[PDB]
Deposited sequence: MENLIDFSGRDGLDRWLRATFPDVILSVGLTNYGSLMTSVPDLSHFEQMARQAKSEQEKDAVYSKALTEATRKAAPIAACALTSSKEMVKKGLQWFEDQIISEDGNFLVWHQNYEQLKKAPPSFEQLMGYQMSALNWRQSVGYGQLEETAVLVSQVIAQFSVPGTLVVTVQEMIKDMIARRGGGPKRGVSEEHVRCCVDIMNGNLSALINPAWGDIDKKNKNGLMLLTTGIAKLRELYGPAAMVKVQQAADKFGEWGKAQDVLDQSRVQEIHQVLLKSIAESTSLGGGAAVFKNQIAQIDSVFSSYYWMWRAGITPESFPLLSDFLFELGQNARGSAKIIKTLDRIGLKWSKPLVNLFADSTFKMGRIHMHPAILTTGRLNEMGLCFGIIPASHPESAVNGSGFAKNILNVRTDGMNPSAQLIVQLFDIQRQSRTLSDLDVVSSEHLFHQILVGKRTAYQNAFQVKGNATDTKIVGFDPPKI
């Protein structure tokens, strides 16, 4: 259909008011305006977790928990900006401009995508990607909101939580350590998602197909096999090149070694942030919410720290649902890492954040 996320000129603010006249955005529990009015109670997922038997069943419990935890947390204005017609057009055009200018920072990994579906990247390929992300954001004016800012700072040196959560949060730190200058391998969710859109041959015209589908994923967690079967149907013309990018079956090592520009079904959760909180062909449906893991970055860490409250619930559910699966960009400790490097939304770039997240100290209040 059409991309109805369309504004130009206060365009963003005007469009929000025109499209969501009766919606009240809140920052009582989120950093930036969201639909979140309470902290989700995930206590029922423990019993589901315990009764899950197969590896797929256990993964589904955690995926469902994630979706419910994050259903209302996304910063709506940033999502509108990221999916607006003007930004989609500019964001896609950047890649052609880089091909024309034969920018080495882009090409050193782009040209090697097939190899990177199977092997970890070089330092040069990581640095080139980080440079490219900053370049893209500057070129398209992506940093027009606090929500979408480039961070130049230092890691959270101490993280203050309710006393009852201190030990578990400490266990998460330990967990990040056991799982093994700037943040060289950090995924820029927005930049990678635009790169995947461009590689998939998505256009301003076909974008709503992608956005609508991602919104559906945000309504109900799927599962890798199910996602592939859904996108690989004879009905859909737009999705085959996207699926072709998937490294689910090709990358055999741990995903923490995969280059941040390599797509998987799991990393559709990255694209959901950008294009799936508001379904472009029917944006009014956004009032129903849309749950993607890194929505949790917009949950506040001050006050009673609802962010810590949620992350701990997710971490406990993940443990109770323990598989051998590589959860990659939706693992609870990956999300916590993002919180520690200071991301206050999924749309901020944190490459130029110095320090080590694992070095943070957990304090009770």
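Missing C-alpha coordinates mark the following deposited-sequence intervals, in order: 10, 182-292, 478-482.
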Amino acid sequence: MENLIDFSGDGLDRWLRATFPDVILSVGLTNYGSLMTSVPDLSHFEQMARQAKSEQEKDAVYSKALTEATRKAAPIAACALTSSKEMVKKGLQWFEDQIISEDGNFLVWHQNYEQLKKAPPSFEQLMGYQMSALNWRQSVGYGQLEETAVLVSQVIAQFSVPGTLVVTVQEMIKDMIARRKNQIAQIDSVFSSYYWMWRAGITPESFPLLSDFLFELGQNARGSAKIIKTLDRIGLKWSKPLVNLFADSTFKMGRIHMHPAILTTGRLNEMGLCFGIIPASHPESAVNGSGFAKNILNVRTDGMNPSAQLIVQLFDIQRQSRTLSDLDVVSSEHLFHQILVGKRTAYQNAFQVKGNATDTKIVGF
From here on, numbers count along this sequence of modelled residues.
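Taking the PDB entry as given, 222-230 carries the higher mean Cα B factor of the two stretches 134-142 and 222-230. Higher mean CA B-factor, judged across 292-300 and 37-45 from the recorded values: 37-45. Per the PDB entry, 171 shows the highest C-alpha temperature factor of the residues 171, 147, 103, 188. Across the options 91, 162, 279, 120, the residue with the most elevated CA B-factor in the record is 162. Ranked against the other modelled residues of its chain, the C-alpha B-factor of residue 15 as given in the entry falls in the highest third. Annotation for residue 238: C-alpha temperature factor in the highest third relative to the rest of the modelled chain, per the entry.
Remark: residue 356 belongs to the highest third of its chain, ranked by C-alpha B-factor as recorded. Ranked against the other modelled residues of its chain, the C-alpha B-factor of residue 97 as given in the entry falls in the lowest third. For residue 166, the recorded CA temperature factor ranks within the highest third of the chain's modelled residues.
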